[PDB]
file my_file.cif (mmCIF, C-alpha atoms; chains and numbers go by the auth columns)
data_work
#
loop_
_atom_site.group_PDB
_atom_site.id
_atom_site.type_symbol
_atom_site.label_atom_id
_atom_site.label_comp_id
_atom_site.label_asym_id
_atom_site.label_seq_id
_atom_site.Cartn_x
_atom_site.Cartn_y
_atom_site.Cartn_z
_atom_site.B_iso_or_equiv
_atom_site.auth_seq_id
_atom_site.auth_asym_id
ATOM 1 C CA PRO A 1 0.000 0.000 0.000 0.00 2 A
ATOM 2 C CA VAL A 2 0.890 3.672 -0.028 0.00 3 A
ATOM 3 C CA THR A 3 3.074 4.617 2.958 0.00 4 A
ATOM 4 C CA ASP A 4 3.902 8.293 2.277 0.00 5 A
ATOM 5 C CA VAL A 5 3.069 11.169 -0.022 0.00 6 A
ATOM 6 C CA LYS A 6 5.247 14.281 0.001 0.00 7 A
ATOM 7 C CA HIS A 7 5.107 17.482 -2.009 0.00 8 A
ATOM 8 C CA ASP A 8 8.483 19.100 -1.492 0.00 9 A
ATOM 9 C CA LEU A 9 8.048 22.820 -2.217 0.00 10 A
ATOM 10 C CA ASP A 10 11.798 23.421 -2.183 0.00 11 A
ATOM 11 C CA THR A 11 12.564 20.893 -4.930 0.00 12 A
ATOM 12 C CA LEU A 12 9.343 20.974 -6.960 0.00 13 A
ATOM 13 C CA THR A 13 9.002 17.241 -6.345 0.00 14 A
ATOM 14 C CA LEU A 14 6.103 14.920 -5.663 0.00 15 A
ATOM 15 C CA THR A 15 7.280 11.697 -4.038 0.00 16 A
ATOM 16 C CA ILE A 16 5.041 8.726 -3.388 0.00 17 A
ATOM 17 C CA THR A 17 6.370 5.832 -1.331 0.00 18 A
ATOM 18 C CA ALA A 18 4.825 2.365 -1.216 0.00 19 A
ATOM 19 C CA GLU A 19 5.553 -0.933 0.442 0.00 20 A
ATOM 20 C CA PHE A 20 4.794 -4.184 -1.371 0.00 21 A
ATOM 21 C CA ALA A 21 4.792 -7.720 0.040 0.00 22 A
ATOM 22 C CA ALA A 22 6.798 -9.198 -2.822 0.00 23 A
ATOM 23 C CA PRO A 23 10.443 -9.227 -3.940 0.00 24 A
ATOM 24 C CA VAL A 24 12.041 -6.413 -5.925 0.00 25 A
ATOM 25 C CA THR A 25 12.335 -8.748 -8.928 0.00 26 A
ATOM 26 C CA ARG A 26 8.553 -9.253 -8.875 0.00 27 A
ATOM 27 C CA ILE A 27 7.709 -5.534 -8.677 0.00 28 A
ATOM 28 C CA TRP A 28 10.104 -4.820 -11.542 0.00 29 A
ATOM 29 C CA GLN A 29 7.977 -7.053 -13.784 0.00 30 A
ATOM 30 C CA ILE A 30 4.878 -4.937 -13.107 0.00 31 A
ATOM 31 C CA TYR A 31 6.601 -2.190 -15.138 0.00 32 A
ATOM 32 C CA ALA A 32 8.577 -4.406 -17.515 0.00 33 A
ATOM 33 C CA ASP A 33 5.540 -6.357 -18.752 0.00 34 A
ATOM 34 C CA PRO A 34 3.077 -4.027 -20.476 0.00 35 A
ATOM 35 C CA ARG A 35 0.100 -6.319 -19.790 0.00 36 A
ATOM 36 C CA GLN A 36 0.815 -6.087 -16.048 0.00 37 A
ATOM 37 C CA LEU A 37 1.352 -2.337 -16.172 0.00 38 A
ATOM 38 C CA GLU A 38 -1.991 -2.006 -17.994 0.00 39 A
ATOM 39 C CA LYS A 39 -3.632 -4.169 -15.337 0.00 40 A
ATOM 40 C CA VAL A 40 -2.541 -2.089 -12.352 0.00 41 A
ATOM 41 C CA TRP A 41 -3.287 1.177 -14.169 0.00 42 A
ATOM 42 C CA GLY A 42 -6.741 -0.081 -15.193 0.00 43 A
ATOM 43 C CA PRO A 43 -9.051 -1.389 -12.470 0.00 44 A
ATOM 44 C CA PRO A 44 -12.584 -2.180 -13.768 0.00 45 A
ATOM 45 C CA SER A 45 -13.934 1.342 -13.126 0.00 46 A
ATOM 46 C CA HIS A 46 -10.951 3.147 -14.716 0.00 47 A
ATOM 47 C CA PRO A 47 -9.786 1.224 -17.811 0.00 48 A
ATOM 48 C CA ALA A 48 -6.281 1.745 -19.121 0.00 49 A
ATOM 49 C CA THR A 49 -4.408 0.639 -22.208 0.00 50 A
ATOM 50 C CA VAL A 50 -0.657 0.333 -22.622 0.00 51 A
ATOM 51 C CA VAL A 51 -0.159 0.938 -26.327 0.00 52 A
ATOM 52 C CA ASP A 52 3.571 0.982 -27.057 0.00 53 A
ATOM 53 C CA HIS A 53 6.081 -0.230 -24.491 0.00 54 A
ATOM 54 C CA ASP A 54 9.867 -0.485 -24.773 0.00 55 A
ATOM 55 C CA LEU A 55 11.557 -0.354 -21.348 0.00 56 A
ATOM 56 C CA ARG A 56 15.088 0.496 -22.453 0.00 57 A
ATOM 57 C CA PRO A 57 16.962 3.800 -22.664 0.00 58 A
ATOM 58 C CA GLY A 58 15.632 5.729 -25.660 0.00 59 A
ATOM 59 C CA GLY A 59 12.458 3.668 -25.598 0.00 60 A
ATOM 60 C CA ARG A 60 8.903 4.912 -25.216 0.00 61 A
ATOM 61 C CA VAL A 61 5.838 3.855 -23.279 0.00 62 A
ATOM 62 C CA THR A 62 2.515 5.235 -24.506 0.00 63 A
ATOM 63 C CA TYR A 63 -0.759 4.830 -22.647 0.00 64 A
ATOM 64 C CA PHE A 64 -4.401 5.714 -22.150 0.00 65 A
ATOM 65 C CA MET A 65 -5.831 6.125 -18.679 0.00 66 A
ATOM 66 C CA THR A 66 -9.203 6.990 -17.198 0.00 67 A
ATOM 67 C CA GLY A 67 -9.115 10.003 -14.867 0.00 68 A
ATOM 68 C CA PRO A 68 -10.984 10.295 -11.545 0.00 69 A
ATOM 69 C CA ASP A 69 -14.083 11.739 -13.228 0.00 70 A
ATOM 70 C CA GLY A 70 -14.017 9.303 -16.158 0.00 71 A
ATOM 71 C CA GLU A 71 -12.114 11.492 -18.628 0.00 72 A
ATOM 72 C CA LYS A 72 -9.831 9.541 -20.934 0.00 73 A
ATOM 73 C CA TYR A 73 -6.393 11.010 -21.165 0.00 74 A
ATOM 74 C CA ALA A 74 -3.207 9.987 -22.885 0.00 75 A
ATOM 75 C CA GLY A 75 0.416 10.172 -21.920 0.00 76 A
ATOM 76 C CA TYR A 76 3.856 8.978 -22.864 0.00 77 A
ATOM 77 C CA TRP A 77 7.140 8.135 -21.204 0.00 78 A
ATOM 78 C CA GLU A 78 10.521 8.763 -22.836 0.00 79 A
ATOM 79 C CA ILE A 79 12.799 6.288 -21.071 0.00 80 A
ATOM 80 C CA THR A 80 16.177 7.755 -20.137 0.00 81 A
ATOM 81 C CA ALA A 81 17.734 5.091 -17.882 0.00 82 A
ATOM 82 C CA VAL A 82 17.067 1.451 -17.002 0.00 83 A
ATOM 83 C CA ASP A 83 18.802 -0.390 -14.146 0.00 84 A
ATOM 84 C CA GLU A 84 16.976 -3.690 -13.635 0.00 85 A
ATOM 85 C CA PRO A 85 15.599 -4.475 -11.128 0.00 86 A
ATOM 86 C CA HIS A 86 16.330 -1.438 -8.951 0.00 87 A
ATOM 87 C CA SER A 87 15.399 1.629 -10.980 0.00 88 A
ATOM 88 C CA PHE A 88 14.262 3.293 -14.183 0.00 89 A
ATOM 89 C CA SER A 89 14.019 6.946 -15.179 0.00 90 A
ATOM 90 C CA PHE A 90 11.876 8.762 -17.714 0.00 91 A
ATOM 91 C CA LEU A 91 10.350 11.988 -18.930 0.00 92 A
ATOM 92 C CA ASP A 92 6.542 12.039 -18.848 0.00 93 A
ATOM 93 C CA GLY A 93 4.159 14.116 -20.955 0.00 94 A
ATOM 94 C CA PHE A 94 0.406 14.511 -21.468 0.00 95 A
ATOM 95 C CA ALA A 95 -1.050 13.921 -24.927 0.00 96 A
ATOM 96 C CA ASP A 96 -4.109 13.571 -27.145 0.00 97 A
ATOM 97 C CA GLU A 97 -5.440 10.304 -28.572 0.00 98 A
ATOM 98 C CA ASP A 98 -2.673 10.331 -31.210 0.00 99 A
ATOM 99 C CA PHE A 99 0.015 10.815 -28.545 0.00 100 A
ATOM 100 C CA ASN A 100 0.702 14.371 -29.636 0.00 101 A
ATOM 101 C CA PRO A 101 1.295 16.842 -26.788 0.00 102 A
ATOM 102 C CA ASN A 102 -2.024 18.590 -26.179 0.00 103 A
ATOM 103 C CA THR A 103 -1.397 20.810 -23.133 0.00 104 A
ATOM 104 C CA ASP A 104 0.802 23.794 -22.315 0.00 105 A
ATOM 105 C CA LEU A 105 2.644 21.790 -19.656 0.00 106 A
ATOM 106 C CA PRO A 106 6.308 20.789 -19.935 0.00 107 A
ATOM 107 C CA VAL A 107 7.309 17.198 -19.212 0.00 108 A
ATOM 108 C CA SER A 108 8.110 16.026 -15.693 0.00 109 A
ATOM 109 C CA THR A 109 11.254 14.012 -14.946 0.00 110 A
ATOM 110 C CA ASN A 110 10.758 10.810 -12.987 0.00 111 A
ATOM 111 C CA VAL A 111 12.809 8.235 -11.133 0.00 112 A
ATOM 112 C CA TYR A 112 11.294 4.985 -9.836 0.00 113 A
ATOM 113 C CA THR A 113 13.395 3.089 -7.326 0.00 114 A
ATOM 114 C CA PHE A 114 12.709 -0.400 -5.928 0.00 115 A
ATOM 115 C CA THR A 115 14.709 -1.595 -2.936 0.00 116 A
ATOM 116 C CA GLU A 116 14.613 -4.552 -0.615 0.00 117 A
ATOM 117 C CA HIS A 117 12.664 -3.804 2.538 0.00 118 A
ATOM 118 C CA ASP A 118 12.012 -6.780 4.829 0.00 119 A
ATOM 119 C CA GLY A 119 12.348 -9.271 1.969 0.00 120 A
ATOM 120 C CA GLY A 120 9.612 -7.190 0.389 0.00 121 A
ATOM 121 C CA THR A 121 9.888 -3.996 -1.639 0.00 122 A
ATOM 122 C CA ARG A 122 9.924 -0.328 -0.873 0.00 123 A
ATOM 123 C CA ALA A 123 9.069 1.627 -4.011 0.00 124 A
ATOM 124 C CA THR A 124 9.878 5.315 -4.263 0.00 125 A
ATOM 125 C CA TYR A 125 8.367 7.283 -7.130 0.00 126 A
ATOM 126 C CA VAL A 126 9.923 10.741 -7.478 0.00 127 A
ATOM 127 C CA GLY A 127 8.504 13.233 -9.976 0.00 128 A
ATOM 128 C CA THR A 128 10.325 16.514 -10.573 0.00 129 A
ATOM 129 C CA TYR A 129 8.427 19.415 -12.135 0.00 130 A
ATOM 130 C CA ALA A 130 9.446 22.500 -14.141 0.00 131 A
ATOM 131 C CA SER A 131 7.644 24.964 -11.889 0.00 132 A
ATOM 132 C CA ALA A 132 5.343 25.333 -8.910 0.00 133 A
ATOM 133 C CA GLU A 133 2.530 26.248 -11.307 0.00 134 A
ATOM 134 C CA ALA A 134 3.023 23.115 -13.411 0.00 135 A
ATOM 135 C CA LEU A 135 3.126 20.876 -10.344 0.00 136 A
ATOM 136 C CA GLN A 136 0.011 22.511 -8.901 0.00 137 A
ATOM 137 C CA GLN A 137 -1.899 21.945 -12.133 0.00 138 A
ATOM 138 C CA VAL A 138 -0.953 18.263 -12.201 0.00 139 A
ATOM 139 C CA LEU A 139 -1.933 17.883 -8.528 0.00 140 A
ATOM 140 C CA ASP A 140 -5.306 19.378 -9.410 0.00 141 A
ATOM 141 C CA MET A 141 -5.792 16.795 -12.180 0.00 142 A
ATOM 142 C CA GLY A 142 -5.736 14.051 -9.560 0.00 143 A
ATOM 143 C CA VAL A 143 -2.237 12.630 -10.064 0.00 144 A
ATOM 144 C CA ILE A 144 -2.049 11.313 -6.487 0.00 145 A
ATOM 145 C CA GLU A 145 -5.404 9.471 -6.693 0.00 146 A
ATOM 146 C CA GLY A 146 -4.288 7.701 -9.856 0.00 147 A
ATOM 147 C CA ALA A 147 -0.889 6.785 -8.420 0.00 148 A
ATOM 148 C CA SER A 148 -2.506 5.450 -5.244 0.00 149 A
ATOM 149 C CA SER A 149 -4.968 3.350 -7.240 0.00 150 A
ATOM 150 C CA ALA A 150 -2.121 1.727 -9.184 0.00 151 A
ATOM 151 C CA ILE A 151 -0.286 0.963 -5.944 0.00 152 A
ATOM 152 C CA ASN A 152 -3.397 -0.671 -4.499 0.00 153 A
ATOM 153 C CA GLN A 153 -3.858 -2.679 -7.695 0.00 154 A
ATOM 154 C CA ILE A 154 -0.273 -3.901 -7.392 0.00 155 A
ATOM 155 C CA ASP A 155 -1.056 -5.003 -3.815 0.00 156 A
ATOM 156 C CA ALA A 156 -4.009 -7.030 -5.120 0.00 157 A
ATOM 157 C CA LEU A 157 -1.867 -8.846 -7.685 0.00 158 A
ATOM 158 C CA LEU A 158 0.591 -10.018 -5.022 0.00 159 A
ATOM 159 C CA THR A 159 -1.766 -12.397 -3.192 0.00 160 A
ATOM 160 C CA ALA A 160 -3.839 -15.344 -4.391 0.00 161 A
ATOM 161 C CA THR A 161 -6.456 -14.558 -1.746 0.00 162 A
ATOM 162 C CA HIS A 162 -9.235 -12.175 -2.766 0.00 163 A
ATOM 163 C CA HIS A 163 -11.939 -10.283 -0.874 0.00 164 A
#
call {"tool": "encode", "arguments": {"input": "my_file.cif", "output": "structure tokens"}}
result
Amino acid sequence: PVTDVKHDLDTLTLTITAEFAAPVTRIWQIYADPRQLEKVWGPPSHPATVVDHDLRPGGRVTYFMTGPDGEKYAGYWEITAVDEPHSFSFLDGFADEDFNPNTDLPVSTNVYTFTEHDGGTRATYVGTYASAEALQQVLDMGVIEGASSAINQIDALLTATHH
């Protein structure tokens, strides 16, 4: 589950921390396998699609998601670094259905880090923004709700027992 959310005003960062009851190698595969990434991003009420996916430096991930209110939006990752299974880094942008930038927002820079924590995994997702205004606008779009949902979906995948 989610264990911390921090908006650092001094660094223009939004950091979400999670703890998962599975090994780092397992969590890595959530992001490395586009069908698993699509799964955790798309619970029944908020469908997602991972369109293109190439988790290697210079690669791209392109996706559709359903926002809190039901609005479809699109986004893309430009992968800048990959260090399996501990970390990957990328630039993220918002886009239209064709994956063309469709807002006045610059990209954010992102580093995901997965480390061993009690035989399980601590995941730290750090997003760095161009300005306070940009970050505020993304917060208002519901970024934290979406990130929390994905984290909870990952939790659900890690156990064979259901509710």
call {"tool": "closest_residue", "arguments": {"input": "my_file.cif", "among": "A:83, A:66, A:124, A:142", "to": "residue 24 in chain A", "atoms": "all atoms listed in the file"}}
result
A:124
call {"tool": "closest_residue", "arguments": {"input": "my_file.cif", "among": "A:67, A:162, A:129, A:16", "to": "residue 107 in chain A", "atoms": "only C-alpha atoms"}}
result
A:129
call {"tool": "resolve_selection", "arguments": {"input": "my_file.cif", "expression": "the PyMOL selection byres ((chain A and resi 57) around 10)", "output": "MDAnalysis selection string"}}
result
chainID A and resid 33 54:56 58:62 79:85 89:90
call {"tool": "closest_residue", "arguments": {"input": "my_file.cif", "among": "A:103, A:160, A:111, A:46", "to": "residue 78 in chain A", "atoms": "all atoms listed in the file"}}
result
A:111
call {"tool": "residues_near_point", "arguments": {"input": "my_file.cif", "point": "(-1.4, -6.9, -20.9)", "cutoff": "12 Å", "atoms": "all atoms listed in the file", "output": "number ranges by chain"}}
result
A: 30-43, 49-54, 64
call {"tool": "atom_distance", "arguments": {"input": "my_file.cif", "atom1": "CA of residue 27 in chain A", "atom2": "CA of residue 152 in chain A"}}
result
13.8 Å
call {"tool": "residues_around", "arguments": {"input": "my_file.cif", "residues": "range 145-147 of chain A", "least_positions_apart": "2", "cutoff": "8 Å", "atoms": "only C-alpha atoms", "output": "PyMOL selection string"}}
result
chain A and resi 42+68-69+140+143+149-151
call {"tool": "atom_distance", "arguments": {"input": "my_file.cif", "atom1": "CA of residue 48 in chain A", "atom2": "CA of residue 161 in chain A"}}
result
22.1 Å
call {"tool": "closest_residue", "arguments": {"input": "my_file.cif", "among": "A:87, A:15, A:144, A:164", "to": "residue 127 in chain A", "atoms": "all atoms listed in the file"}}
result
A:15
call {"tool": "residues_around", "arguments": {"input": "my_file.cif", "residues": "residue 135 in chain A", "least_positions_apart": "3", "cutoff": "10 Å", "atoms": "all atoms listed in the file", "output": "PyMOL selection string"}}
result
chain A and resi 13+105-109+130-132+138-141
call {"tool": "resolve_selection", "arguments": {"input": "my_file.cif", "expression": "the PyMOL selection byres ((chain A and resi 23) around 7)", "output": "JSON, numbers by chain"}}
result
{"A": [21, 22, 24, 25, 27, 28, 121, 122, 159]}
call {"tool": "axis_aligned_box", "arguments": {"input": "my_file.cif", "around": "range 121-137 of chain A", "padding_each_side": "8 Å", "output": "JSON"}}
result
{"center_x": 5.2, "center_y": 9.5, "center_z": -6.9, "size_x": 26.3, "size_y": 49.4, "size_z": 30.5}
call {"tool": "closest_residue", "arguments": {"input": "my_file.cif", "among": "A:101, A:116, A:63, A:12", "to": "residue 29 in chain A", "atoms": "all atoms listed in the file"}}
result
A:116
call {"tool": "closest_residue", "arguments": {"input": "my_file.cif", "among": "A:88, A:4, A:153, A:110", "to": "residue 20 in chain A", "atoms": "only C-alpha atoms"}}
result
A:4
call {"tool": "atom_distance", "arguments": {"input": "my_file.cif", "atom1": "CA of residue 120 in chain A", "atom2": "CA of residue 6 in chain A"}}
result
22.5 Å
call {"tool": "build_atoms", "arguments": {"input": "my_file.cif", "residues": "range 111-132 of chain A", "atoms": "N, CA, C and O atoms", "output": "compact mmCIF listing (two decimals), in the frame of the given file"}}
result
# COMPACT_ATOMS: atom_id res chain seq x y z
N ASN A 111 11.22 11.79 -13.95
CA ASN A 111 10.76 10.81 -12.99
C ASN A 111 11.80 9.76 -12.76
O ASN A 111 12.47 9.34 -13.70
N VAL A 112 11.96 9.36 -11.49
CA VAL A 112 12.81 8.24 -11.13
C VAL A 112 12.04 7.28 -10.22
O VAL A 112 11.57 7.67 -9.15
N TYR A 113 11.90 6.03 -10.66
CA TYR A 113 11.29 4.99 -9.84
C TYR A 113 12.39 4.10 -9.28
O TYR A 113 13.23 3.60 -10.03
N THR A 114 12.38 3.90 -7.97
CA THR A 114 13.40 3.09 -7.33
C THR A 114 12.75 2.00 -6.47
O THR A 114 11.84 2.29 -5.68
N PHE A 115 13.23 0.77 -6.63
CA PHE A 115 12.71 -0.40 -5.93
C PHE A 115 13.83 -1.02 -5.11
O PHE A 115 14.86 -1.46 -5.65
N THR A 116 13.67 -1.04 -3.79
CA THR A 116 14.71 -1.60 -2.94
C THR A 116 14.16 -2.58 -1.94
O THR A 116 12.99 -2.53 -1.56
N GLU A 117 15.02 -3.50 -1.52
CA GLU A 117 14.61 -4.55 -0.62
C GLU A 117 14.27 -3.95 0.73
O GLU A 117 15.02 -3.12 1.27
N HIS A 118 13.13 -4.33 1.27
CA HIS A 118 12.66 -3.80 2.54
C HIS A 118 11.89 -4.91 3.25
O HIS A 118 10.70 -5.09 3.01
N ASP A 119 12.60 -5.66 4.09
CA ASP A 119 12.01 -6.78 4.83
C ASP A 119 11.72 -7.98 3.94
O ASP A 119 10.75 -8.70 4.17
N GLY A 120 12.57 -8.21 2.94
CA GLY A 120 12.35 -9.27 1.97
C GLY A 120 11.28 -8.88 0.96
O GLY A 120 11.07 -9.57 -0.05
N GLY A 121 10.61 -7.77 1.26
CA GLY A 121 9.61 -7.19 0.39
C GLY A 121 10.23 -6.03 -0.37
O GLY A 121 11.45 -5.98 -0.54
N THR A 122 9.40 -5.10 -0.82
CA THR A 122 9.89 -4.00 -1.64
C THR A 122 9.39 -2.65 -1.15
O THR A 122 8.19 -2.47 -0.91
N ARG A 123 10.32 -1.72 -0.98
CA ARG A 123 9.92 -0.33 -0.87
C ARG A 123 10.10 0.31 -2.24
O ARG A 123 11.18 0.21 -2.85
N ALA A 124 9.04 0.93 -2.73
CA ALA A 124 9.07 1.63 -4.01
C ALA A 124 8.98 3.12 -3.77
O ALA A 124 8.07 3.57 -3.07
N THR A 125 9.89 3.87 -4.38
CA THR A 125 9.88 5.32 -4.26
C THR A 125 9.73 5.90 -5.65
O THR A 125 10.54 5.63 -6.54
N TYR A 126 8.66 6.68 -5.84
CA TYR A 126 8.37 7.28 -7.13
C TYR A 126 8.53 8.80 -7.01
O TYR A 126 7.72 9.46 -6.37
N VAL A 127 9.59 9.32 -7.61
CA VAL A 127 9.92 10.74 -7.48
C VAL A 127 9.72 11.46 -8.80
O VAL A 127 10.39 11.16 -9.79
N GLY A 128 8.79 12.41 -8.81
CA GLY A 128 8.50 13.23 -9.98
C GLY A 128 8.97 14.65 -9.74
O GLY A 128 8.64 15.25 -8.72
N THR A 129 9.74 15.19 -10.69
CA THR A 129 10.32 16.51 -10.57
C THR A 129 9.71 17.39 -11.65
O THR A 129 9.70 17.02 -12.83
N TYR A 130 9.21 18.56 -11.25
CA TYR A 130 8.43 19.42 -12.14
C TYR A 130 9.13 20.73 -12.49
O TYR A 130 10.01 21.19 -11.76
N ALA A 131 8.74 21.32 -13.62
CA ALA A 131 9.45 22.50 -14.14
C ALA A 131 9.20 23.75 -13.32
O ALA A 131 10.03 24.66 -13.29
N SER A 132 8.05 23.80 -12.66
CA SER A 132 7.64 24.96 -11.89
C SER A 132 6.56 24.63 -10.88
O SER A 132 5.87 23.60 -10.99
